[PDB]
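# A structural walkthrough
Letter by letter, the chains look like this.
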Amino acid sequence: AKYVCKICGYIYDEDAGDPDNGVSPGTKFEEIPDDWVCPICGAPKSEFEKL
Ligand SMILES: [Fe+3]
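### Description of the coordination of the iron ion
The iron ion binds to the protein through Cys5 (SG), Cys8 (SG), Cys38 (SG) and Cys41 (SG); the donor distances cover 2.3 Å. Viewed at the metal, the four donor atoms of the iron ion are separated by angles of 103 to 115°, and the geometry they form is tetrahedral. Coordination of the iron ion draws on donor residues from a single chain, spaced C-x2-C-x29-C-x2-C in sequence. Of the two residues, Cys8 is situated in the loop between β1 (2–5) and β2 (11–13) and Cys38 in the loop between β2 and β3 (48–50); the sequence distance between them amounts to 30 residues.

### Looking at the sheet that holds β3
One open sheet accounts for three strands, arranged β2-β1-β3; its pairing is antiparallel. The sheet terminates laterally at β2 and β3, the two strands that pair on one side only. Ignoring which end each strand starts from, the neighbouring axes of this sheet average 25° apart. Relative to β2, β1 runs antiparallel, the two being bridged by three bridges. In the sheet register, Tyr3 faces β2, and the bridge partner there is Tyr12.

So, how was this worked out
Residues numbered from 1 in each chain as written, not as in the entry; some residues may be left out. Heavy atoms only, no water. Donors = N, O, S within 2.8 Å, 3.2 Å for Na, K, Ca; no water. Tetrahedral: all angles 85-135°; square planar, octahedral: opposite > 155°, others 65-115°. Helix = DSSP H or I, 4+ residues; strand = E, 2+ residues; numbered from the N terminus. Pairing = 2+ DSSP bridges. Axes fitted to C-alpha atoms, helices over the stretch in contact; angles between N-to-C directions.

Now the structure itself:
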């Protein structure tokens, strides 16, 4: 699934992950550490919406 950061428009794609910030491809959004934030704007996970 894909999730959009409502603040900046960055799309978190579970298939891509966010390797530069310690999230391997295939990591489900719920499995991402609670302290991870949008890599672009710094918004907390609370500001993401599932597409
Ligand atoms: Fe963002």
